[PDB]
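Number of protein chains: 2
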Amino acid sequence: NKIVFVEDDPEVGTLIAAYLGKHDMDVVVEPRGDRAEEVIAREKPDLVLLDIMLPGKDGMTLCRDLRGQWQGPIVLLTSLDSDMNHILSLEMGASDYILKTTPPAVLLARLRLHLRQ
Amino acid sequence: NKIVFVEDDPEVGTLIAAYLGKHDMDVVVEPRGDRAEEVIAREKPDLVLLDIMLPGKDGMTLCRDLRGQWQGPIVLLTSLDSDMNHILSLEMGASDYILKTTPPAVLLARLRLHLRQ
Ligand code: BEF
Ligand code: BEF
Ligand SMILES: [Mg+2]
Ligand SMILES: [Mg+2]
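Listed below in structure tokens is the structure:
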């Protein structure tokens, strides 16, 4: 299964794409908010995994836009521990909001959860 | 909008029923694991909130038993901070697994999510 993962920090970007790899997932990592929407239009993935603090455009705005043009699981994933952000993401159409401090095995388990609708 | 809440602790049982009540959902609280299913069968709720450490029958076995015979959303809410439990219950057909430590406006935000999804 195919996952576009919009993330600046190239270290976590490869580390996560590595882990998700061992467990049978095709991960196209994008490090610009400006470039996603395009990459996401090209790669045509079945789930989309957004960071928040991106360069250029940002995660949450990116989420709001993507909600119109396409109707599949969008999952946020950020260092920003904000109850307000969490509650607003879900209001705008995100399917989950996950702290980066979540154990990878649990991040995998939720991604699998969403790739069932 | 109706929810049965299997939960032994009388204190959390009230706070959740009062809070979710203020927000226009009808919460029925059953304090025994072995008695839920019967309470669920009758009350015919829209979503099921399970504690894990319950008398009679634990929330996790109770969850996989519902899967055969009820197809609404089941949300675990527990004090049990365990990666294995979380990952296991997503795979046994729960829709979410929430630490009781989660702020209540965030709990509401997620329940509202599943009462659409
Ligand atoms: F870059 Be993430 F939002 F931590
Ligand atoms: F009793 Be519960 F599982 F916190
Ligand atoms: Mg960032
Ligand atoms: Mg208990």
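Protein chains in written order, with our numbering: chain A, 13 to 129; chain B, 13 to 129.
Even for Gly, the Cβ is constructed at its ideal location relative to N, Cα and C.
Looking only at its chain, what residues have a beta carbon closer than 7 Å to the beta carbon of residue i, apart from the 5 residues adjacent to it on each side?
i     : result
A/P22 : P43
A/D93 : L111
Distance cutoff 9 Å, beta carbons only. Does residue i sit that close to anything in chain A?
i      : result
B/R124 : yes
B/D93  : no
B/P85  : no
B/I110 : no
B/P67  : no
B/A29  : no
B/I99  : yes
B/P43  : no
Less than 8 Å separating the Cβ of residue i from some heavy atom of ligand 1?
i      : result
A/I110 : no
B/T26  : no
B/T113 : no
A/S101 : no
DSSP has residue i in a bridge; who is on the other side?
i      : result
A/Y109 : A/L88
A/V16  : A/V40, A/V60
Comparing the CB of residue i with every heavy atom of ligand 2, is any distance shorter than 8 Å?
i     : result
A/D38 : no
Within the present structure, is the beta-carbon of residue i separated from the nearest heavy atom of ligand 4 by less than 8 Å?
i     : result
B/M72 : no
B/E19 : yes
Within the present structure, is the beta-carbon of residue i separated from the nearest heavy atom of ligand 3 by less than 8 Å?
i     : result
A/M65 : yes
A/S91 : yes
Which same chain residues end up closer than 8 Å to residue i when comparing Cβ atoms and leaving out the 5 residues on each side of it in sequence?
i     : result
A/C75 : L62, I86, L88, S101, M104, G105, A106
B/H35 : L120
Closer than 9 Å, CB to CB, is residue i near chain B or not?
i      : result
A/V60  : no
A/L102 : yes
A/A121 : yes
A/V118 : yes
Whose C-beta lies closer than 6 Å to the C-beta of residue i among residues of the same chain, with five residues either side of it excluded?
i                      : result
A/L32                  : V39
A/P57                  : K14, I15, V16
residue 131 of chain B : Lying before the first or after the last residue shown, residue 131 of chain B is absent from chain B, which here runs from 13 to 129.
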